[PDB]
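Student: Here the protein sequences line up with chains A, B and C, keeping their order. When the letters of the first sequence are read in order and numbered with our numbering, they come out as residues 2 to 431. When the letters of the second sequence are read in order and numbered with our numbering, they come out as residues 1469 to 1899. When the letters of the third sequence are read in order and numbered with our numbering, they come out as residues 176 to 491. Each residue gets a CB set at the ideal place from its N, CA and C atoms; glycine is no exception.
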Amino acid sequence: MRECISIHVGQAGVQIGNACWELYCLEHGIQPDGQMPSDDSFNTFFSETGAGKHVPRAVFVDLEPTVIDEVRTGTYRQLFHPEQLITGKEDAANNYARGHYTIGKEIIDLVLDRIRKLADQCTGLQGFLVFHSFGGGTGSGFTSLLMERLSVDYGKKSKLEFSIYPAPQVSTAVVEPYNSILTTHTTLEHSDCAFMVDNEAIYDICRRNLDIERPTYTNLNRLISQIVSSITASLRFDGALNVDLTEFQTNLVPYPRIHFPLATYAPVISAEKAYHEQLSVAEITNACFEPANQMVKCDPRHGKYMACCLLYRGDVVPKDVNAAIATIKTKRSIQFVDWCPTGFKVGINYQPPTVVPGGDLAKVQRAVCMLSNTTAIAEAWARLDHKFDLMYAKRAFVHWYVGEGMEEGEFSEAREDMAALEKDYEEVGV
Amino acid sequence: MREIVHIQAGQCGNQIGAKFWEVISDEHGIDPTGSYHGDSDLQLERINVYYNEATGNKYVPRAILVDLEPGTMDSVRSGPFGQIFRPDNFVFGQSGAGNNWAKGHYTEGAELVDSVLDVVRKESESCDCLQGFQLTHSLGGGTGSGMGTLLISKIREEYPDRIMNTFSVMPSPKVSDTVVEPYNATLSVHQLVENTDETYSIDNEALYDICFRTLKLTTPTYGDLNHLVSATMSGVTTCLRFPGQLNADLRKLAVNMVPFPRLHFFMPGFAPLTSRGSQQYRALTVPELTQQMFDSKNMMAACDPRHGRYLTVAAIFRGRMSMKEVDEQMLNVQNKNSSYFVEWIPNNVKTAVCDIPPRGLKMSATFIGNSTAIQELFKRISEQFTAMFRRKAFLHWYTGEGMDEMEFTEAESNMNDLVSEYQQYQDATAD
Amino acid sequence: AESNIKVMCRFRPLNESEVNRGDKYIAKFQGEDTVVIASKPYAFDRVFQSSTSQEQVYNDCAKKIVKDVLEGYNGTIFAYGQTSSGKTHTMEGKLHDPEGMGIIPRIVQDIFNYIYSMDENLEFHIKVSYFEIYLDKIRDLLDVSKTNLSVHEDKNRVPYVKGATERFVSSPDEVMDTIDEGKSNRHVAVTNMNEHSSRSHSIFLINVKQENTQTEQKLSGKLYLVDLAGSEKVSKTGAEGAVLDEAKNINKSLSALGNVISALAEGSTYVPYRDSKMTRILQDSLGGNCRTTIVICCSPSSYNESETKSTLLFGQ
Ligand SMILES: Nc1nc2c(ncn2[C@@H]2O[C@H](COP(=O)(O)OP(=O)(O)OP(=O)(O)O)[C@@H](O)[C@H]2O)c(=O)[nH]1
Ligand SMILES: Nc1nc2c(ncn2[C@@H]2O[C@H](COP(=O)(O)OP(=O)(O)O)[C@@H](O)[C@H]2O)c(=O)[nH]1
């Protein structure tokens, strides 16, 4: 009804995109033939063209394609319409100068026109979901450019960002902070609200919480997707408030510069504990403040907490919801910062989570997504700070990025704004 | 981008290429006679990266084979890949330089490089999205050395905008037989360090050691050394050649691999280098392959890793596993082996993961590293170059064919700056 | 000396278009040394303000370079700046004007009046060569239709540009006429906004010989004046592929130059010279017996705000 365009770019942002849409297919009951089998009205994310064919508003953008091939030949080929599959040619993996400048130029219009077209075919536009690999080459070079565009082409509608900021361990580029710094400078101006994504906690969580061995990204995408899908469920599915994109923004980050929030989903558990015990609304909310269960593995113990927005999807009792939060808010010695006023913003939707036919979570009953902002993202920003200076003082890699299309000035500017952004997250006190 | 084009330069460049081709063929499910007798469409899909099409069922390798005197082309046409090569792409010639680099880059090769420039132009104009040239290059030969460099230079003059990726045979001063080699190698490097993008260095003694001691082949013949070069040339192309998990491209490796622009003398390595048998199974299961790959002497250039340090290291995994070791062991080996990895590059190891292993195998690894120990290899070449040059040796080779004293001196001075340069990043550190 | 590299910045005044249209004056001068440009300080050797004279500029900057080129060292002067930045006035000025003339006609003057001061013991023989780097290759600015030159290290291992026209120069007028044919043959590109856009770094080498008939010693004096192109954001200009090819080439070589000045300013381990073709030709000029002056040329207008910034941020 309120129509939300999901744009996903990068190796991972595409891949993860594909899993997002596969769980949205299953949640909404679309068969891979295109067909809804029974009477429901999920015209937010999907739309029925006239025959039994629910076409998403998924925009796959890529360089030399991987997943779009696997999509149009094989993986929900009869769901995804080829016009929305935007392939590319030339290369920029790592390279931000080739991304945001060279190859970005050759891309932009064919992509942008396709977006304006889907957004023509969205009548009651709610706004954008923009999924991208933040430190990535394939991802962020072009997506930072795309957001720069849609900030004018769309205007006042909001860009809901999911931003893969890398793990302190798992690091496929050497130049991932060079990407991310320049990417941040861009989203600092041209993004509306930015959900910083990890790898580490997420993998940590599959071993600790999920207790599968050491799974492939397919299952791990089925973790992320659970989390994106719960965020969107509150638009998708009927229930309390938290429909609008602005209902996050406004609630989470009312200080204008402080626009990266963090989040988590729960219950993430084993199929063993699924059989073995039944989790209560309190226990899932206690999992919402749990430090090990938090999405970016920045430390909630060393950190202090800011805003808190809780999305419950399942048959929950609003008294018990009021009590869970009341009690744990009253009880935990976590610092709720003196700049913020006191209070959570809660959201209770009828529809329970849905589980994938996979090798993943089991059929739990009640489920919650914690949205928060905490000072712990400054720790994330500390890795950037350390790591940047470590190459930059050296001037390593600069022959690849300034040599091939970037200007060197741009590196310092972003260094200064990112640093002022750490001063922003340090303006979090009294 | 899409199409890599392949160039075989030198009698070995030919051989190691033709084996590479043998491998990649067998990999995409093409018969070395001609037909796609293949099963997997996923393994069919990205063929145009190396192959040209033809009559539908046959696929033509987009090779340019360079050899000065005849006979090498006759050997490859004779060979079991033979008919899979299209006879236009046999770029043979008549008269010879015979190892002599000056004779090669200046004198003889001039007639042929118009020819080759024609052929590579033709195949490059043949392409959709031209990616790069991957040149198998006998670094200290004559056909590879002086002609292959003369070609690289024409190629660079023509295409700055494409990836000049060389696989460059430069054996040690221990097993080598080519006499004037120390001249040919300095002159060749003086062009390469100016000209080429990524030069993946290779040593026949290291290949010999791998075969004989690590793997335990009885007699390490050439095609055996080819088995390992072809595997790592197959390795490094893997991820763009097949769909996998993560990234693809060789530039995505290279952008990470080179910290300052002249540090482009790479050291590949392969695994499993296990002796052919039953335990085997208690040599390596899956995580343990990474423990093998990260190990000392597995490397296509024989750099003792206690002797230098590493800059960027990357790893191409082939097989249906997780980044479990890429999480776990890449952490733990950078923690424990902290001495090895230079601490100025924030997390040094750069892994990709492709689903397709080598045909019949289950898990393989390709190491691709920038080892600061590579400069010892250069140091001795520069020594021997100093020795010969200081002796004034081989005038009735080089200077006769018109090599200049300033360009001798320059190439030396460039090579020593290359030594000083690779050595400074050995020395170099964090705070 | 060698160690004390003169990083100077020279702001032009506002122009009648900038004054009437009203892009404002950015700078907040802390001093002789230091300026505040838009929040951030930038400290240098000398910030010449928009109220400074050509004579004050030249004498503080250029005049000692020439004496030192003459007396036993060589010298470098670098001029960095974009189109309309005020680079024309700084590096050349206008020769008929005895106020208005800049770095090149004042060096031609003090060189040739060093000639006309001394007598017939030194045998003064100036040779000049003029060459641009354009799309990697070295074009001769004097003689037309070459591909590339060879920049050979000699027995002293110093770079000589082989293939170039050397002009055995005899009059200060001849020096000058040279520049004019040179500059005419340049690869400048004309767009609709950007008319004299410099797409080449250009090196002018004045090889002053002065070999003594008396003392027999081989007295010399290489002055390199390097005309540095301006650093270009293709997000800014929005250009095409062929114009981007140029702009990356500029940006690369510029940035590589700052890495040697940074490594020179550090007094580091390797101190590179080899990788950039410019730093290759200027191997000894960067790192040798060179007294080196970097003259930065900026607008104080709010049009060119991130350009000034990007440029000033050079000096590390
Ligand atoms: N959760 C998740 N992580 C992934 C997956 N695929 C890759 N990653 C990783 O998470 C980060 C995402 O970056 P990428 O998407 O790989 O960066 P990219 O945009 O492909 O950048 P390039 O490789 O430089 O082109 C990388 O460190 C990856 O190794 C996936 O499907 N899911
Ligand atoms: N790895 C490998 N080395 C070989 C092979 N055949 C010869 N060699 C050696 O590797 C180098 C090849 O030189 P060559 O190709 O003859 O140089 P060219 O003179 O330029 O043709 C020599 O030092 C050979 O001994 C082979 O098939 N593989």
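In terms of residue numbering, what span does the alpha helix (DSSP H) encompassing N1672 (chain B) cover?
Tutor: Translated into the one-based positions of the second sequence, residue 1672 (chain B) becomes position 204. Where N1672 (chain B) is concerned, the enclosing alpha helix (DSSP H) stretches over 1672-1677.
Student: Nearest by alpha-carbon distance to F1733 (chain B): which of B:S1698, B:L1660, B:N1800 is it?
Tutor: By 1-based counting over the second sequence, the position of residue 1733 (chain B) is 265. Of the candidates B:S1698, B:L1660, B:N1800, the one whose C-alpha sits nearest the C-alpha of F1733 (chain B) is B:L1660.
Student: So what's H300 (chain C) in DSSP terms, helix, strand or just coil?
Tutor: Along the third sequence, read from residue 1 onward, the residue named residue 300 (chain C) stands at position 125. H300 (chain C): strand per DSSP, three-state reduction.
Student: Please indicate yes or no: does the CB of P1641 (chain B) lie closer than 7 Å to some heavy atom of ligand 2?
Tutor: As a working mapping, residue 1641 (chain B) is identified with position 173 in the second sequence. It does not: the Cβ of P1641 (chain B) is nowhere closer than 7 Å to a heavy atom of ligand 2.
Student: Please name the residues in the region 356-388 of chain A whose beta-carbon is closer than 9 Å to at least one beta-carbon of chain B, in chain order.
Tutor: If the cut-off is 9 Å between Cβ atoms, the region 356-388 of chain A has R384, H387, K388 near chain B.
Student: In chain A, what lies closer than 7 Å to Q1843 (chain B) by C-beta?
Tutor: Counted from its first residue, the second sequence places residue 1843 (chain B) at position 375. In chain order: nothing, as chain A lies at least about 18 Å away.
Student: Just to confirm the assignment, what range does the beta strand (DSSP E) spanning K346 (chain A) have?
Tutor: Looking up residue 346 (chain A) in the first sequence gives position 345. Where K346 (chain A) is concerned, the enclosing beta strand (DSSP E) stretches over 346-350.
Student: Might you give, ordered along the chain, the residues of its own chain that have their beta carbon closer than 7 Å to the beta carbon of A234 (chain A), omitting 5 neighbours on each side?
Tutor: Translated into positions along the first sequence, residue 234 (chain A) becomes position 233. For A234 (chain A), where only same-chain residues beyond five positions count, the Cβ hits under 7 Å are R314, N350, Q352.
Student: Beta-carbon within less than 8 Å of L1685 (chain B)'s beta-carbon, same chain only, minus the 5 sequence neighbours each way: which residues are those?
Tutor: In the second sequence, residue 1685 (chain B) corresponds to position 217, counting from 1. Excluding positions up to five away in sequence, the list reads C1679, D1692.
Student: In three-state DSSP terms, what is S373 (chain C)?
Tutor: In the third sequence, the residue the question calls residue 373 (chain C) occupies position 198. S373 (chain C): strand per DSSP, three-state reduction.
Student: Against chain A, does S260 (chain C) count as a neighbour if the rule is that its beta carbon must be under 8 Å from one of theirs?
Tutor: Locating residue 260 (chain C) in the third sequence gives position 85, where the first residue counts as 1. Cβ-Cβ to chain A under 8 Å: no for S260 (chain C).
Student: Taking the alpha-carbon of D1586 (chain B) as reference, which of B:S1606, B:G1547, B:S1636, B:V1534 has the nearest alpha-carbon?
Tutor: Here residue 1586 (chain B) refers to the residue found at position 118 when the second sequence is read from its first residue. Ranking the options by Cα distance to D1586 (chain B), first place goes to B:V1534.
Student: Could you pull out every residue in the same chain whose Cβ sits closer than 7 Å to the Cβ of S225 (chain C), ignoring the five residues on either side in sequence?
Tutor: Numbered from its first residue, the third sequence carries residue 225 (chain C) at position 50. So the qualifying residues of the chain are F186, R187, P188, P475.
Student: Which value, in whole angstroms, describes the spacing of the CA atoms of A288 (chain A) and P216 (chain C)?
Tutor: To locate residue 288 (chain A), count along the first sequence from 1; it is residue 287. To locate residue 216 (chain C), count along the third sequence from 1; it is residue 41. Going by the C-alpha atoms only, they are around 49 Å apart.
Student: How long is the line joining the alpha carbons of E65 (chain A) and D92 (chain A), rounded to whole angstroms?
Tutor: In the first sequence, the residue the question calls residue 65 (chain A) occupies position 64. In the first sequence, the residue the question calls residue 92 (chain A) occupies position 91. About 7 Å.
Student: Should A1782 (chain B) be listed as close to ligand 1, given that the test is whether its C-beta is under 7 Å from any heavy atom?
Tutor: The count along the second sequence starts at 1 and reaches residue 1782 (chain B) at position 314. Checking the Cβ of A1782 (chain B) against ligand 1 gives no.
Student: Thinking just about the alpha-carbon of each residue, which of A:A308, A:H277, A:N294 is nearest to the one in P255 (chain A)?
Tutor: Translated into positions along the first sequence, residue 255 (chain A) becomes position 254. It is A:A308.
Student: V68 (chain A): beta carbon under 7 Å from a heavy atom of ligand 1?
Tutor: For the purposes of this step, residue 68 (chain A) is taken as the residue at position 67 of the first sequence. No.
Student: Less than 7 Å separating the Cβ of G137 (chain A) from some heavy atom of ligand 1?
Tutor: Translated into the one-based positions of the first sequence, residue 137 (chain A) becomes position 136. Yes; taking the cut-off as 7 Å, the Cβ of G137 (chain A) has a heavy atom of ligand 1 nearer than that.
Student: Which one or two residues does DSSP pair with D1494 (chain B) in a beta bridge?
Tutor: Locating residue 1494 (chain B) in the second sequence gives position 26, counting from the first residue. Per DSSP, none; premise fails for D1494 (chain B).
Student: Give a yes or no on whether the C-beta atoms belonging to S410 (chain C) and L429 (chain C) are separated by under 8 Å.
Tutor: Taking the first residue of the third sequence as position 1, residue 410 (chain C) is located at position 235. Taking the first residue of the third sequence as position 1, residue 429 (chain C) is located at position 254. Cβ atoms of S410 (chain C) and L429 (chain C): not closer than 8 Å.
Student: When DSSP builds the beta bridges, which residues end up paired with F1809 (chain B)?
Tutor: Against the second sequence, residue 1809 (chain B) aligns to sequence position 341. Answer is B:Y1778, bridged to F1809 (chain B).
Student: If the cut is a Cβ gap below 7 Å, which residues of chain C does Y102 (chain A) touch?
Tutor: Indexing the first sequence from 1 puts residue 102 (chain A) at position 101. What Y102 (chain A) touches in chain C: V409, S410.
Student: Do you know offhand how far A20 (chain A)'s Cα is from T50 (chain A)'s?
Tutor: Position 19 of the first sequence, counting from 1, holds the residue named residue 20 (chain A). Position 49 of the first sequence, counting from 1, holds the residue named residue 50 (chain A). Taking the straight line from one Cα to the other gives about 22 Å.
Student: What residue range does the beta strand (DSSP E) around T1604 (chain B) cover?
Tutor: By one-based count along the second sequence, residue 1604 (chain B) stands at place 136. Per DSSP, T1604 (chain B) belongs to the beta strand (DSSP E) from 1600-1606.
Student: So what does DSSP say about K484 (chain C), is it helix, strand or coil?
Tutor: Indexing the third sequence from 1 puts residue 484 (chain C) at position 309. Residue state, collapsed to three classes: helix.
Student: If distances are taken between C-alpha atoms only, which option among B:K1804, B:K1830, B:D1795 comes closest to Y1749 (chain B)?
Tutor: Walking along the second sequence from the start, residue 1749 (chain B) turns up at place 281. Nearest of B:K1804, B:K1830, B:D1795 to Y1749 (chain B), Cα basis: B:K1830.
Student: With DSSP as the reference, please indicate the residues paired to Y399 (chain C) in a beta bridge.
Tutor: Position 224 of the third sequence, counting from 1, holds the residue named residue 399 (chain C). Paired residue(s): C:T251, C:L380.
Student: Does any residue of chain B bring its CB to less than 8 Å from the CB of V176 (chain A)?
Tutor: For the purposes of this step, residue 176 (chain A) is taken as residue 175 along the first sequence, with counting starting at 1. It does: the Cβ of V176 (chain A) has a partner Cβ on chain B nearer than 8 Å.
Student: Quick one: list the residues of chain C neighbouring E423 (chain A), beta-carbon separation under 9 Å, in chain order.
Tutor: On the first sequence, residue 423 (chain A) is found 422 positions in, with the first residue counted as 1. Those within 9 Å of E423 (chain A) in chain C number zero; the least Cβ separation is about 17 Å.
Student: Just confirm the distance between the C-beta atoms of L1619 (chain B) and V1643 (chain B), as a whole number of angstroms; I'd bet it's less than 8 Å.
Tutor: Along the second sequence, one-based indexing puts residue 1619 (chain B) at 151. Along the second sequence, one-based indexing puts residue 1643 (chain B) at 175. Not confirmed; about 27 Å, so no contact.
Student: Can you pull the DSSP bridge partners for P1736 (chain B)?
Tutor: Against the second sequence, residue 1736 (chain B) aligns to sequence position 268. According to DSSP, which records beta bridges pairwise, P1736 (chain B) is partnered with B:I1836.
Student: CB of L1685 (chain B) to nearest heavy atom of ligand 2: below 7 Å?
Tutor: As a first step, residue 1685 (chain B) must be located in the second sequence, where it is residue number 217. No.
Student: Taking DSSP as the reference, what is the three-state secondary structure of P66 (chain A)?
Tutor: For the purposes of this step, residue 66 (chain A) is taken as the residue at position 65 of the first sequence. Correct three-state label for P66 (chain A): coil.
Student: Can you tell which of B:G1577, B:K1590, B:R1589 has its C-alpha closest to the C-alpha of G1614 (chain B)?
Tutor: Looking up residue 1614 (chain B) in the second sequence gives position 146. Answer by Cα proximity: B:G1577.
Student: Is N1882 (chain B) a contact residue of ligand 2, with contact defined as CB to any heavy atom under 7 Å?
Tutor: Taking the first residue of the second sequence as position 1, residue 1882 (chain B) is located at position 414. No, the beta carbon of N1882 (chain B) sits no closer than 7 Å to any heavy atom of ligand 2.
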